[PDB]
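Trainee: my complex, first installment, coordinates as in the assembly:
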Amino acid sequence: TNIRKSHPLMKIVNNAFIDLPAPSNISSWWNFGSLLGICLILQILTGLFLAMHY
């Protein structure tokens, strides 16, 4: 069977980014959810290379 579904970690990723039923329908105003996440890590990753030196 398909291990994406069953494996305890990947399960979480599958439920959240893969197989998750989302609406047919949601507009560009929906995209800011991901983009906050991107901003969050990009902050972290440029923040850290700052802290090496700060």
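Mentor: Everything's here; your move. Residues are numbered from 1 along each chain as shown, chains lettered A, B, ... in the order given.
Trainee: What is the neighbour count of residue A:8?
Mentor: 6 (other CB atoms under 10 Å). In short, each C-beta sits where N, CA and C put it, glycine included.
Trainee: can you give me the helices in chain A?
Mentor: Applying DSSP state H to chain A gives helices spanning A:3-6, A:8-13, A:32-51.
Trainee: which stretch among those helices comes nearest residue A:22?
Mentor: Set against residue A:22 and scored by CB to CB, those come closest in helix A:32-51, at 11.0 Å.
Trainee: What distance do you get for the nearest residue to residue A:14 once chain neighbours are set aside to residue A:37?
Mentor: The shortest distance from residue A:14 to any non-neighbouring residue, by CB to CB, 6 or more residues apart in numbering, is to residue A:4 (5.1 Å). Per CB to CB, to the nearest Å, residue A:4 is found 21 Å from residue A:37.
Trainee: Equivalent analysis for residue A:44, please.
Mentor: 11 Å.
Trainee: Near the residue nearest to residue A:14, how many other residues are there?
Mentor: Residue A:4 - counted by other CB under 10 Å - has 12 other residues nearby.
Trainee: can you pull the contacts of it?
Mentor: By CB atoms under 8 Å, 6 or more residues apart in numbering, the contact set of residue A:4 is A:10-11, A:14, A:18.
Trainee: circling back to that earlier point, got the helices of chain A as a markdown table, with distance to residue A:23 columns?
Mentor: Listed next are these as a markdown table, based on distance: least, CB to CB, whole Å:
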| stretch | distance to residue A:23 |
| --- | --- |
| helix A:3-6 | 22 |
| helix A:8-13 | 21 |
| helix A:32-51 | 13 |
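Trainee: For residue A:26, find the nearest of those.
Mentor: Between the helices of chain A, helix A:32-51 lies closest to residue A:26; by CB to CB that is 9.8 Å.
Trainee: put chain B on too:
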Amino acid sequence: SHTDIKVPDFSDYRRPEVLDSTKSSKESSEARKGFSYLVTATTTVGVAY
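Mentor: Same chains as before, plus chain B:
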């Protein structure tokens, strides 16, 4: 035949105030809970500190 079941004797374990089949237990309850609860109170008091 499910009537051959008696509960094992716990006398070794029973606190003293609860040793008599002949007398109520409703009585020692207060002191008994009192006692065990005091312990936990005292403990939090210390912990708090």
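Trainee: So for residue B:11, what's the nearest residue that isn't a sequence neighbour?
Mentor: Among residues not flanking residue B:11 along the chain, residue B:19 sits closest, at 7.0 Å (CB to CB, 6 or more residues apart in numbering or on different chains).
Trainee: number of nearby residues for the one you found?
Mentor: By other CB atoms under 10 Å in any protein chain shown, the residues close to residue B:19 number 12.
Trainee: hang on, it packs against residue B:13?
Mentor: No: counting by CB atoms under 8 Å, residue B:19 stays clear of residue B:13, with 10.7 Å between them.
Trainee: residues touching residue B:5, list them.
Mentor: Residue B:5 makes no contacts at all, as judged by CB atoms under 8 Å, 6 or more residues apart in numbering or on different chains.
Trainee: if we can go back for a sec, any idea how far residue A:22 is from the residue nearest to residue B:11?
Mentor: Applying CB to CB to residue B:19 and residue A:22 gives a distance of 68 Å.
Trainee: would you list every one of the helices in chain B?
Mentor: B:26-48.
Trainee: Please report how far residue A:29 lies from residue A:20.
Mentor: Distance of residue A:29 to residue A:20, given as CB to CB: 19 Å.
Trainee: got it, and residue B:5?
Mentor: Distance of residue B:5 to residue A:20, given as CB to CB: 54 Å.
Trainee: again, but for residue B:38
Mentor: Counting by CB to CB - residue B:38 and residue A:20 are separated by 54 Å.
Trainee: neighbour-wise, which of these two wins?
Mentor: residue B:38 (11 against 8).
Trainee: quick one: residue B:4 from residue A:28, how far?
Mentor: Separation of residue B:4 from residue A:28 (CB to CB) stands at 77 Å.
Trainee: do residue A:42 as well
Mentor: 20 Å.
Trainee: now for chain C:
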Amino acid sequence: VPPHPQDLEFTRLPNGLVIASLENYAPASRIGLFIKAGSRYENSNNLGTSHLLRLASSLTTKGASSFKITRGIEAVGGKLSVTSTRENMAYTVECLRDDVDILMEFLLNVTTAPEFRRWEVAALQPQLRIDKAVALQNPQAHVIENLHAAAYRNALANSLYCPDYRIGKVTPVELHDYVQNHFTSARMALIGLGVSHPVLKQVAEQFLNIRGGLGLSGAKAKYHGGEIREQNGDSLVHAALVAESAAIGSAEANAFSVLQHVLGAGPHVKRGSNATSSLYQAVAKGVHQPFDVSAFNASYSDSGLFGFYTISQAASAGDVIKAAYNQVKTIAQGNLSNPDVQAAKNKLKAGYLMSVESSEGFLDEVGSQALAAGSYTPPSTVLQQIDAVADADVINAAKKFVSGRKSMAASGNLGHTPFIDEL
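Mentor: Time to bring in chain C:
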């Protein structure tokens, strides 16, 4: 002294409705509405409609919602129940006297103003499956169901419990049509126990003038006979064997009811050998240990079934049945005492009297009489009627059983249970 009693008061209304009350001066009250509406008035197309109906007794009415019927009745510690037999349905209602009027309103609501809402009825269908599952965990329930199926073509053959194929299939139109066609004035009686006759007569004239479905107790059951057989292993063969007797309230009916007590109904003595029981004694001579027998006596409007009901071990089934059968044959051939009959008479007389000792029992019986018979018949004259059964009437009843086209139901490991053919 407790007092002067009262007498029952009894009124045929000109639309055919019956009203009876006692003021026995009781702390609580019982109102039943008895309706010629039992399973017999179902047909091929709507079987089980009256079962679903029996269950449906607290779905929403025109001002009273389900929630209210439940909450209102529980608020007073009341009770609302329905009892089908194959002939009638009986909505009875029980509370303290200070609370009649609220319970009356709910009663009339349930019986004259059900809405049978689509969604409420859909929700209720699973309950037939549970309800049947509980009932049928008596082996006797299956047997008496198949007994009737086998005995009649017709109407009495219908079961008390909805056929499995029908569960989920009985519609709000079917219930609507059931109540409109069967819950009508001439099919009805309103019995009251510590209410007053004025109050009942008022309720009835105000709220229970409903004309016109139907008439007649009247398909007419056609007796037919034959046999049904359910392979099992359950532990034990239950078998019933029966022939056409006599309609309720005929004289011939009472002869059968005596013959039953000659032969043997239930026990009298906790863990007793049942020494005056003809059938039991007869089987026991043959048969070592575990069995039961009783004489079986069903009387309807129209018809009735008599004979006996055996429980045995699977191998002992033929022996138990064949013994029991011969014992009847022995009465038919003329072997009855006087005192043999007299003790049956006492067993029956005392029995009837005892069945009406209590509110639940009296009320059911008064209701049952109203519909059966259009009368109240007091116990002294019941005892009068019992007493009028001659010995020869009892013989002749046995003679009727023995010569009659037979009807049989059996369940179990049936490989030693006989076949009619073989009896």
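Trainee: wait, what's in contact with the residue nearest the centre of chain C?
Mentor: Residue closest to the average C-alpha location in chain C (CA atoms, centre = their mean): residue C:85, at 4.4 Å. Going by CB under 8 Å, 6+ apart, residue C:85 touches C:38, C:160.
Trainee: and residue C:286, how many neighbours does it have?
Mentor: For residue C:286, the neighbour count with other CB under 10 Å is 14.
Trainee: so it makes contact with residue C:319?
Mentor: Yes: the pair residue C:286 / residue C:319 is scored as a contact, 5.6 Å apart, by CB under 8 Å.
Trainee: three-state assignment of residue C:33?
Mentor: strand (DSSP: H, G, I helix; E, B strand; the rest coil).
Trainee: My error: substitute residue C:311 in the last question.
Mentor: Under three-state DSSP, residue C:311 falls in the strand class.
Trainee: Distance-wise, check it relative to residue C:412.
Mentor: Between residue C:311 and residue C:412 the computed distance is 9 Å (CB to CB).
Trainee: joint contacts of those two?
Mentor: Joint contacts of residue C:311 and residue C:412 (CB under 8 Å, 6+ apart) are C:236-238.
Trainee: Looking at these, spot the one nearest residue C:147.
Mentor: Of the shared contacts of residue C:311 and residue C:412, the one sitting nearest to residue C:147 (CB to CB) turns out to be residue C:238, at 10.4 Å.
Trainee: Name the nearest residue to the closest one, ignoring sequence neighbours.
Mentor: Leaving aside its sequence neighbours, residue C:238 sits nearest to residue C:139 (CB to CB, 6+ apart; 4.6 Å).
Trainee: okay, now the closest residue to residue C:243 other than its chain neighbours: neighbour count?
Mentor: Excluding the flanking residues, the one nearest residue C:243 by CB to CB, 6+ apart is residue C:404, at 3.2 Å. Residue C:404 has 16 neighbours, counted by other CB under 10 Å.
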